[PDB]
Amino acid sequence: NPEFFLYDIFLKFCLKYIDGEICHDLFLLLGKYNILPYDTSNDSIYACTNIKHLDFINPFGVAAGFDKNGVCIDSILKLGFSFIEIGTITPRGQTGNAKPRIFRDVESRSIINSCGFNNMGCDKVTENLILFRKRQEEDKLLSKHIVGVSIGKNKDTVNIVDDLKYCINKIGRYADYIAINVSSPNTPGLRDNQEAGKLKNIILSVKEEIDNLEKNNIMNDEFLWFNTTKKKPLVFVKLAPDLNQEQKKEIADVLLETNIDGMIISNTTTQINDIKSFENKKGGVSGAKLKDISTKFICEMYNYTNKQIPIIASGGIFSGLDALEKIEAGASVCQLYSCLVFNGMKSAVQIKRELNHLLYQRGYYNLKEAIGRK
């Protein structure tokens, strides 16, 4: 598309001279007004992937934390992504930690963020998603695209489950899947919720709350779910990389026994100390410096779960091979974040071209044949 490249011109200017979040807000503004490029091409039927009954037309979506409020869904999905994970959201709106709270290092293709959970709140974000679903039923470029919702807790929330209830009971019928965020490093004591006992209780409650919306309705299931699948939203868990294996195997044993629908592996880390520009700066780091670390976590959990729980790759994906390495490790789908930051509009068209070519060269009939081939 000719107009993909114009935004690559501005991109270097932005990376070198403009504050990251200002660029991020700008990005969202362009999408709000549908001034982003489009990728209307048919996707390779050899790359169409699925997570249980959730059928992704291609294995690439946009990770959570990008459109934390669903004010930019149409445009981002129209860039060429098969799905998007909005959020993470909390019941009430938050302003997050103080700015500046996002810092890019172009040289290492790395990011550090101390955003917290700044969002417009569950209620208002739900209205934004309703607007989208009503446009989706009227736009053919969106008819097959999927929208998941990452959910979390407010800093002052006492019981995480209470916040999981409100959001599920408010937005569950419009979402295609729920992502359980118990892994953000920028919320105090949030990663202590990954202890097996409570995470078990967390998963069961999420599944239960989603299961409870179906019972009390007079309308059939078709008109209950105003989403893409017309089906109950699947439940995925978001995991942090900064854990020991004892914690990982505990989690793995739990999510098998509680029948989680999936697990997003992985999230940002606080243990990276090989970035000079981020010294004395709080938050979790994203990008290339997390690529290798995450892929190994996938292998671990993919093995700790005996391949019985699907995975959603997330961390350091920039190239088609980067994705394949994570696909061959056990991931069914991949999410990108830093890639959009450093590559811009050509992110989807680049990583989809690259992956198709590699699948062809490596001798694979389809993507599923590559799952766990390592």
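Here the rigid core means the biggest group of C-alpha atoms that line up within 1.5 Å when the two forms are laid on top of each other. Numbering starts at 1 and runs along the sequence shown.
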Between 335-343 and 37-45, where do the CA atoms move more in 9 other deposited structures of this protein, taking the root mean square over the structures and residues after a core fit? 37-45
Superpose by the rigid core and compare 137-145 with 195-203; which one moves more, by C-alpha RMS, in 9 other deposited structures of this protein? 137-145
Higher mean Cα B-factor in the deposited model: 101-109 or 250-258? 250-258
Compare the mean C-alpha B-factor of 200-208 with that of 130-138 as given in the PDB entry, and name the stretch with the higher value. 200-208
Among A240, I76, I146, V149, the highest C-alpha B-factor in the PDB entry belongs to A240
Residue with highest C-alpha B-factor in the PDB entry, from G344, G320, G330, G316: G330
Going by the recorded CA B-factors, say which third of the chain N50 sits in, lowest, middle or highest. middle
Against its chain's modelled residues, does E300's Cα B factor rank lowest, middle or highest third? highest
Pull the Cα B-factor of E214 out of the PDB entry and bin it into the chain's lowest, middle or highest third. highest
What third of its chain's C-alpha B-factors does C339 belong to: lowest, middle or highest? lowest
Among the modelled residues of this chain, does the Cα B factor of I9 put it in the lowest, middle or highest third? middle
